[PDB]
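Inspection log for the structure reproduced underneath, given as structure tokens.
Cβ coordinates were reconstructed from backbone atoms using ideal geometry, including for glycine residues, and neighbour counts include every protein chain displayed. Derivation of every value follows stated rules applied to the coordinates shown; laboratory data play no part.
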Amino acid sequence: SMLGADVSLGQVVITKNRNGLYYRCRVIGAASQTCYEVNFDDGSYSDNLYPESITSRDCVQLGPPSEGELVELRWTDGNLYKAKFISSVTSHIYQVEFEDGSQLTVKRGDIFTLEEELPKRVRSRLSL
Ligand SMILES: [N+]
């Protein structure tokens with residue numbers, strides 16, 4: 001959910017447009033994305049796991065497993081795998097609209113509020 005979000009609908013923020021420059025833009029949409037982090041038995045991981053993929057527990061109804069809990073999941077190949085549940089992360093993603101009417105979906109980490117100190121790499125590419 002949007003619980004704990006530090007950016008409001010209608011807020012003016014700064015972000016990179018695909019043309020390479022940084023511009024002021026307005027927030028027109030907001031959403032949350034919940035992903036699980038799991039460690040596979042082969043030494044690899046996923047930090048993008050759909051909570052609905054876990055088959056040893058109904059995570060949509062009951063919430064996430066305990067941290068460190070051993071789980072079973074169904075991967076995108078349709079097969080079942082064992083993994084260790086590490087943690088759940090809910091992040092906020094925003095849709096912005098530029099002066100020219102173009103739009104872009106941006107993660108919170110790629111947005112700069114107007115109070116934040118901008119890096120030298122951002123002020124040199126900033127359009128007024
Ligand atoms: N903010």
Extreme residue, surrounded by the most Cβ atoms within 10 Å (Cβ to Cβ), among residues of region 13-25 that are within 16 Å of the ligand (Cβ to nearest atom) and closer than 15 Å to residue 108 by Cβ:
25
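Could you go through region 98-108 and let me know if any residue there is within 16 Å of the ligand (Cβ to nearest atom) and either in a strand (DSSP E or B) or more than 17 Å from residue 10 (Cα to Cα) (or both).
yes
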Would you mind telling me which numbered condition in (1) among the hydrophobic types (A, V, I, L, M, F, W, C); (2) in contact with a helix residue (DSSP H, G or I) (Cβ under 9 Å, 6 or more places away or on another chain); (3) assigned to a strand (DSSP E or B); (4) loosely packed, with under 14 Cβ neighbours inside 10 Å residue 28 fails?
(2)
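Might you check whether a residue that is within 25 Å of residue 99 (Cα to Cα) and free of Cβ contacts under 8 Å to residues at least 40 places away in the same chain occurs anywhere in region 51-69?
Quick first cut of region 51-69, residues within 25 Å of residue 99 (Cα to Cα) only: none.
Scanning region 51-69, I find no residue that is within 25 Å of residue 99 (Cα to Cα) and free of Cβ contacts under 8 Å to residues at least 40 places away in the same chain, so the answer is no.
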Quick test of your reading of the structure: residue 10 fulfils all but one of (1) surrounded by fewer than 11 Cβ atoms within 10 Å (Cβ to Cβ); (2) of a type in the set (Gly, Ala, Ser); (3) under 30 Å from residue 121 (Cα atoms); (4) out of contact with any strand residue (DSSP E or B) (no Cβ under 8 Å at 6 or more places or on another chain). Name the failing condition by number.
(4)
Sole residue being in a strand (DSSP E or B), surrounded by 11 or more Cβ atoms within 10 Å (Cβ to Cβ) and within 16 Å of the ligand (Cβ to nearest atom), chosen from 86, 93
93
